[PDB]
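Engineer: show me how the following folds:
(chains A, B, C and D, ligands or ions: 4)
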Amino acid sequence: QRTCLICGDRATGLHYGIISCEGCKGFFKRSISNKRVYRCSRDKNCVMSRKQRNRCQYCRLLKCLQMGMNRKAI
Amino acid sequence: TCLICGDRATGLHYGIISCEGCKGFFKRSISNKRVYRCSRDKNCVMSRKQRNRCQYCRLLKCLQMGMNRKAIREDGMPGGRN
DNA sequence: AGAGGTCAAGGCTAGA
DNA sequence: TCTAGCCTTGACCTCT
Ligand SMILES: [Zn+2]
Ligand SMILES: [Zn+2]
Ligand SMILES: [Zn+2]
Ligand SMILES: [Zn+2]
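Structural biologist: Numbering: from 1, shown residues only, chains lettered A, B, ... in the order given. Ligands and ions are numbered 1, 2, ... in the order given. Take a look:
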């Protein structure tokens, strides 16, 4: 019963290097494959939870990379 | 093809085959708890260029054809599978 | 397992 | 106001 290193949601195994949920797995895949560049509309310190992760793409991706998700896979 | 207005369907939405218009209309009608009223004989015809002439008959047609109110999520989370 | 793919949920905001 | 075309998302799915 392990948790996503990004948002704390239930994790389903390792994805792109680190334990994570299906949401952050899918989010990271789409951000890298499509070369998306996000920007925080606030203070670059947005909360990452199941209910609030979708409210800032920039901080979500930043967390993904900081926690160790490997872009090289794609 | 949309079961409500005949417009081209984009897939299943809230239970039945429907277009993006009726998809969004049903979502807005349920989430905002809208009550509409018909200004005629509660029998307005539903087509692409006419569905927007009576919100009451459009919503009644949505429910008749099987659009499910329970398909709007209380937690408001997107994606996944039902 | 852990990649990539599926496709109906909800989100955004032009255009009427 | 409201509409709907298009985008973003994620629990399952197939594939390597
Ligand atoms: Zn996560
Ligand atoms: Zn942020
Ligand atoms: Zn329709
Ligand atoms: Zn009517």
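Engineer: use CA for all of it now, contacts and neighbours both
Structural biologist: Noted.
Engineer: burial count for the spatially closest residue to residue A:61 that is not a sequence neighbour?
Structural biologist: Residue nearest to residue A:61 in three dimensions, not counting chain neighbours: residue A:28, with 6.7 Å by CA to CA, 6 or more residues apart in numbering or on different chains. Neighbour count for residue A:28, taken as other CA atoms under 10 Å in any protein chain shown: 22.
Engineer: same check, this time on the one 4 residues further on
Structural biologist: Neighbouring residues of residue A:32 were enumerated by other CA under 10 Å; the total is 16.
Engineer: I'd say it and residue A:73 touch.
Structural biologist: No: here residue A:32 does not reach residue A:73: they are 9.7 Å apart, not a contact under CA atoms under 8 Å.
Engineer: ok but the residue nearest to residue A:61 is inside a helix, no?
Structural biologist: Yes: judged by DSSP: H, G, I helix; E, B strand; the rest coil, residue A:28 forms part of a helix.
Engineer: gap between it and ligand 4?
Structural biologist: Plainly put, residue A:28 is 47 Å away from ligand 4 if you go by CA to the ion, to the nearest Å.
Engineer: do the same with residue A:22
Structural biologist: 44 Å.
Engineer: show me the helices in chain A, by range?
Structural biologist: All helices of chain A, identified by DSSP state H, fall at A:22-33, A:57-67.
Engineer: looking at those helices, spot the one closest to ligand 1.
Structural biologist: Smallest distance to ligand 1 across the helices of chain A (CA to the ion): 4.3 Å, for helix A:22-33.
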